[PDB]
Amino acid sequence: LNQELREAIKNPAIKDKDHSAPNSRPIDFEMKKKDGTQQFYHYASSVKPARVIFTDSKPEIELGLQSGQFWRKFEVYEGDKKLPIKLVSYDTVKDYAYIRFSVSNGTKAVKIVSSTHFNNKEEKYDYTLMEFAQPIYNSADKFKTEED
């Protein structure tokens with residue numbers, strides 16, 4: 001992505017648009033860190049639904065959230081492997097922000113970064129963990145690569 005997440009909520013090209021299609025299935029998760037945070041108290045960081053988009057053995061995943069005026073930046077890692085984020089669609093009437101990223105092979109647990117600043121307050125990260133409902137995968141048994 002080319003911008004800060006907070007600026008993307010007003011950028012006109014993605015504001016007032018969607019994307020939803022039969023080319024996908026839903027997913028969900030658990031979240032925490034080692035200091036004893038368990039995500040449920042703020043609606044942007046709280047545990048969420050998602051959707052897995054049909055690809056090769058590295059799939060793509062789509063994520064939407066609210067408090068879009070509060071979040072400032074996001075990053076997703078599995079070990080050293082970064083899952084690269086892009087903008088998809090936004091709604092400043094719902095205070096809503098929505099993104100996509102390209103996933104590693106069959107992901108089960110993820111190292112997460114998220115940043116916040118609203119009002120006088122600042123709420124920044126050191127470390128965060130997500131863990132799966134089921135493997136984030138593509139169903140390779142039907143397609144991996146079809147070439148000649």
# chains A, B, ... in the order shown; residues from 1 in each chain; ligands from 1
$ residues_around --residues "segment 64-77 of chain A" --least-positions-apart "6" --cutoff "8 Å" --atoms "only C-alpha atoms" --output "ChimeraX atom specification"
/A:4-6,9,43-44,48,50,83-85,92,94-99,110-118
$ residues_around --residues "segment 137-139 of chain A" --least-positions-apart "4" --cutoff "12 Å" --atoms "only C-alpha atoms" --output "ChimeraX atom specification"
/A:23-27,51-61,102-108,132-133,143-145
$ residues_around --residues "residue 16 of chain A" --least-positions-apart "4" --cutoff "9 Å" --atoms "only C-alpha atoms" --output "PyMOL selection string"
chain A and resi 12+89-93
$ residues_around --residues "residue 35 of chain A" --least-positions-apart "6" --cutoff "12 Å" --atoms "only C-alpha atoms" --output "short mmCIF file (atom, residue, chain, number, x, y, z; two decimals) with C-alpha atoms, in the first residue's frame"
data_model
loop_
_atom_site.label_atom_id
_atom_site.label_comp_id
_atom_site.auth_asym_id
_atom_site.auth_seq_id
_atom_site.Cartn_x
_atom_site.Cartn_y
_atom_site.Cartn_z
CA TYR A 125 2.34 -1.99 19.82
CA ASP A 126 5.31 -4.07 21.00
CA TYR A 127 4.16 -7.63 19.96
CA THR A 128 0.87 -9.48 19.06
CA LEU A 129 -0.20 -13.06 18.09
#
$ closest_residue --among "A:62, A:109, A:87, A:146" --to "residue 2 of chain A" --atoms "only C-alpha atoms"
A:87
$ closest_residue --among "A:86, A:63, A:142, A:80" --to "residue 3 of chain A" --atoms "only C-alpha atoms"
A:86
$ closest_residue --among "A:141, A:32, A:78, A:134" --to "residue 46 of chain A" --atoms "only C-alpha atoms"
A:32
$ select_by_dssp --residues "segment 51-138 of chain A" --states "strand (DSSP E or B)" --output "MDAnalysis selection string"
chainID A and resid 51:53 60:66 71:78 81:82 85:91 96:102 107:118 121:123 129:136
$ atom_distance --atom1 "atom CA of residue 40 of chain A" --atom2 "atom CA of residue 130 of chain A"
12.9 Å
$ closest_residue --among "A:100, A:19, A:124, A:82" --to "residue 45 of chain A" --atoms "only C-alpha atoms"
A:124
$ atom_distance --atom1 "atom CA of residue 41 of chain A" --atom2 "atom CA of residue 81 of chain A"
28.8 Å
$ select_by_dssp --residues "chain A" --states "alpha helix (DSSP H)" --output "NGL selection string"
:A and (5-8)
$ decode --residues "segment 90-125 of chain A" --atoms "N, CA and C atoms" --output "compact mmCIF listing (two decimals), in the first residue's frame"
# COMPACT_ATOMS: atom_id res chain seq x y z
N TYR A 90 -13.73 1.09 1.33
CA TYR A 90 -13.87 1.87 2.58
C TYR A 90 -15.26 2.51 2.70
N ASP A 91 -15.70 2.82 3.92
CA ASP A 91 -16.90 3.62 4.15
C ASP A 91 -16.78 4.53 5.38
N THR A 92 -16.49 5.80 5.11
CA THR A 92 -16.46 6.91 6.07
C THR A 92 -17.84 7.21 6.68
N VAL A 93 -18.95 6.75 6.08
CA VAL A 93 -20.28 6.86 6.71
C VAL A 93 -20.48 5.80 7.82
N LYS A 94 -19.83 4.63 7.70
CA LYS A 94 -19.82 3.58 8.73
C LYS A 94 -18.59 3.60 9.65
N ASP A 95 -17.61 4.49 9.44
CA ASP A 95 -16.31 4.53 10.16
C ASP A 95 -15.54 3.20 9.94
N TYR A 96 -15.60 2.70 8.70
CA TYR A 96 -15.23 1.35 8.25
C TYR A 96 -14.06 1.36 7.25
N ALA A 97 -13.13 0.42 7.42
CA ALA A 97 -11.92 0.25 6.63
C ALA A 97 -11.70 -1.23 6.26
N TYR A 98 -11.26 -1.50 5.02
CA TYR A 98 -11.20 -2.87 4.49
C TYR A 98 -10.06 -3.09 3.46
N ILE A 99 -9.28 -4.14 3.74
CA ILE A 99 -7.97 -4.48 3.16
C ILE A 99 -7.90 -5.94 2.70
N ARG A 100 -6.82 -6.29 1.98
CA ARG A 100 -6.52 -7.63 1.48
C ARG A 100 -5.02 -7.92 1.61
N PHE A 101 -4.63 -9.18 1.87
CA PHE A 101 -3.22 -9.58 1.81
C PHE A 101 -2.99 -10.99 1.26
N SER A 102 -1.82 -11.22 0.67
CA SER A 102 -1.44 -12.51 0.08
C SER A 102 -0.76 -13.41 1.12
N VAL A 103 -1.30 -14.61 1.35
CA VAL A 103 -1.01 -15.47 2.51
C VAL A 103 0.12 -16.46 2.20
N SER A 104 0.85 -16.87 3.23
CA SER A 104 1.80 -17.99 3.18
C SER A 104 1.09 -19.35 3.03
N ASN A 105 1.85 -20.44 2.85
CA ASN A 105 1.27 -21.76 2.56
C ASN A 105 0.63 -22.40 3.80
N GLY A 106 -0.71 -22.36 3.92
CA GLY A 106 -1.46 -23.13 4.92
C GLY A 106 -1.36 -22.58 6.35
N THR A 107 -1.26 -21.25 6.49
CA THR A 107 -0.98 -20.53 7.75
C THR A 107 -1.89 -20.94 8.90
N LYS A 108 -1.30 -21.11 10.09
CA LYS A 108 -1.98 -21.50 11.33
C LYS A 108 -1.84 -20.48 12.48
N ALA A 109 -0.73 -19.74 12.53
CA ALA A 109 -0.43 -18.75 13.57
C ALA A 109 0.43 -17.61 13.00
N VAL A 110 0.17 -16.38 13.44
CA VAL A 110 0.62 -15.16 12.75
C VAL A 110 1.09 -14.11 13.76
N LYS A 111 2.19 -13.43 13.43
CA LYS A 111 2.76 -12.33 14.21
C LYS A 111 2.24 -10.98 13.66
N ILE A 112 1.50 -10.24 14.49
CA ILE A 112 0.66 -9.09 14.09
C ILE A 112 1.20 -7.78 14.67
N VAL A 113 1.12 -6.69 13.91
CA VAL A 113 1.41 -5.31 14.33
C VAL A 113 0.25 -4.40 13.95
N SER A 114 -0.24 -3.58 14.88
CA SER A 114 -1.29 -2.58 14.65
C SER A 114 -1.05 -1.30 15.48
N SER A 115 -1.30 -0.11 14.93
CA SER A 115 -1.03 1.17 15.62
C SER A 115 -2.24 2.10 15.67
N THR A 116 -2.40 2.82 16.79
CA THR A 116 -3.57 3.66 17.11
C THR A 116 -3.15 5.03 17.64
N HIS A 117 -3.87 6.06 17.25
CA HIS A 117 -3.82 7.38 17.90
C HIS A 117 -5.10 8.16 17.58
N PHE A 118 -5.91 8.37 18.62
CA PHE A 118 -7.14 9.17 18.59
C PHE A 118 -7.29 9.96 19.90
N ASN A 119 -7.88 11.16 19.83
CA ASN A 119 -7.97 12.13 20.93
C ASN A 119 -6.54 12.51 21.43
N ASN A 120 -6.36 12.78 22.72
CA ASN A 120 -5.06 13.03 23.35
C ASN A 120 -4.23 11.73 23.51
N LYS A 121 -4.91 10.58 23.51
CA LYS A 121 -4.35 9.25 23.82
C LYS A 121 -3.53 8.65 22.67
N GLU A 122 -2.52 7.84 23.00
CA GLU A 122 -1.79 7.00 22.04
C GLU A 122 -1.77 5.54 22.50
N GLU A 123 -2.04 4.61 21.58
CA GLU A 123 -2.10 3.17 21.85
C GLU A 123 -1.32 2.41 20.77
N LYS A 124 -0.03 2.19 21.05
CA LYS A 124 0.95 1.58 20.15
C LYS A 124 1.38 0.17 20.61
N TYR A 125 2.00 -0.57 19.69
CA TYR A 125 2.34 -1.99 19.82
C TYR A 125 3.79 -2.24 20.27
